[PDB]
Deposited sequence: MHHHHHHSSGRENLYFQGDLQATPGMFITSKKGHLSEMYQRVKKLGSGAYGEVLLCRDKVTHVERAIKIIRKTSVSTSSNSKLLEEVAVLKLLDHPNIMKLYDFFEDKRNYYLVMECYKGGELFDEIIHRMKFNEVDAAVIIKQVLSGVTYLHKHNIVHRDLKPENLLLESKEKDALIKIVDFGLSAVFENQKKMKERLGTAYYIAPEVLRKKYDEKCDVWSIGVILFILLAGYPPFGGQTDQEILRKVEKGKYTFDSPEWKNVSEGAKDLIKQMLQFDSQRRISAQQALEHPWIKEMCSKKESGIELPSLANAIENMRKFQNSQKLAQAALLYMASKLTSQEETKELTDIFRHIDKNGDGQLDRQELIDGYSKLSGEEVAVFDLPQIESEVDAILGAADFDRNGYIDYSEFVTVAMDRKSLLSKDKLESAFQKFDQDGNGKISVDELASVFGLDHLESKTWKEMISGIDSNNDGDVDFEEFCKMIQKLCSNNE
């Protein structure tokens, strides 16, 4: 291996490891009853939501963890850590305190068109990203949509991937799963694809605007027979003042024919979404972002891995708020990835300076892509953007450097060894590459990386030219 072969990804920080709950977390309170527990990190004091699942029959959970570790989008849940005991599996998740969207529906009872569009565009953005990564949720409903915070513009987070699946473009899914009000009729017929999720969102949008479901009944039997027929109506007084554009989107998402049904990507682009979200937006720019991004060119892989962990797993909502809003703006199609053309079009928000019609901008975009694209997938992913654009004063705080070092130092002896370096990303392979990656930053010739050496390497990376 060479260093140019290594890839820093958010998923590499999650691996099946042996651990005890009491060793690293303190129990605060029971959040769900399978058990959701609010816990406090014994070192950083950060509170996290831990899903305790009791103990191949355990293959379903491992496949879910394999999906969960990949999830990197402003509108999708984040998995902080994963560990196991002799009896239980521990899914350490980022805690969201704004409640479920279900709670807001019960309290508000109905949403205006602008509010409904803002929420639904976020669900569609999350779903567009899932579908592009061959993931189908299969249980989208207001109970599985959490609000980030209790703050006014708090982001929607898609949660509960328990019924999720990796789908194939050539094969239809057969498992009848979901919730009575939200289930697509083709799921009931045991022959469906990812369009089943678009149906679920259509039902959610109908509820937001009207305050009642499109397929109702006193029993599940009544609801499902209405779902099977696929017949619903806007002929109710709750719909009198609702625009033609909102009804048009619902009709396309609740299109009985899966092939003719709007995709999550196309629904995000719908004229009603565009009009309503433009009303809400009617906006800050980044300073010295291009110079900061250029620092990552040819940078040490251990330094990339450290900063990626600090930015993606160690930063608060308050620290990333402005970055997430800029990312969402540049990400025109809301797929959670910034492609070459998106970077070109939204360049004025990155550089700060205004772009004229007259080449240089395309060269700078390819330089940014070469530096920030840590996994070499051709895009600047969400966590990659947060890493390369974050201000130094916030990203390089002592507590973040301490936690990043502690994560990589598996045995906790105060030194990152050759075995641990290969484990941060390649565990089985023995190579002079790991030894040489360390020797380049080793100041006391002991063949290990101590906290001081770790900090100096990161400081050299984010230092002025």
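**Q** Let me make sure I understand the coverage. Which parts of the deposited sequence, in order from the N-terminal end, have no C-alpha coordinates here?
**A** Gaps in the modelled chain, taken against the deposited sequence, lie at 1-14, 48-50, 73-77, 305-307, 384-385, 453, 494.
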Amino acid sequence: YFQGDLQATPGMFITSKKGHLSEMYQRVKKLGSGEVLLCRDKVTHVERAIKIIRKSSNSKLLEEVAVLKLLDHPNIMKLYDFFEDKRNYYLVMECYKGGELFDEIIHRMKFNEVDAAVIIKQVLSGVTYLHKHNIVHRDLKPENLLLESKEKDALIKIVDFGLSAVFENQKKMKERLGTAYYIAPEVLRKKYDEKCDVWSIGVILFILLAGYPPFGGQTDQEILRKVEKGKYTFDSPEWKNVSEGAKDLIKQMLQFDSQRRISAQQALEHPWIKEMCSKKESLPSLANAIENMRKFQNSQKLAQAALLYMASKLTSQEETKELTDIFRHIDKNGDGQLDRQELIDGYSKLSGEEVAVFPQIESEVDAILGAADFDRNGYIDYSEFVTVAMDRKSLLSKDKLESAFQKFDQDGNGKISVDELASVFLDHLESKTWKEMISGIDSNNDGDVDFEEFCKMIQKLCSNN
From here on, numbers count along this sequence of modelled residues.
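**Q** Between 123-131 and 187-195, name whichever shows the higher mean Cα B factor according to the PDB entry.
**A** The recorded data point to 187-195.
**Q** Which is higher in the entry, the mean Cα B factor of 231-239 or that of 283-291?
**A** Averaging CA B-factors over each stretch, the winner is 283-291.
**Q** For the C-alpha B-factor as written in the entry, point me to the maximum among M24, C455, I441, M12.
**A** Max CA B-factor in the entry, restricted to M24, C455, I441, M12: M24.
**Q** Between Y212, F256, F111, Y347, where does the Cα B-factor run highest in the record?
**A** Among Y212, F256, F111, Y347, the highest C-alpha B-factor in the entry belongs to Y347.
**Q** Taking the values exactly as deposited, rank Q221 by C-alpha B-factor within its chain and report the matching third: lowest, middle or highest.
**A** Highest third of the chain for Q221's C-alpha B-factor.
**Q** By its CA B factor, does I204 count among the lowest, middle or highest third of the modelled residues in the chain?
**A** Lowest third, going by the recorded CA B-factors of the chain.
**Q** Looking at the C-alpha B-factor of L308, is it in the lowest, middle or highest third of its chain?
**A** Its C-alpha B-factor belongs to the lowest third of this chain's values.
**Q** Using the temperature factors of the C-alpha atoms in this entry, rank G352 within its chain: lowest, middle or highest third.
**A** Highest third, going by the recorded CA B-factors of the chain.
**Q** What third of its chain's C-alpha B-factors does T320 belong to: lowest, middle or highest?
**A** It belongs to the middle third of the chain when residues are ordered by C-alpha B-factor.
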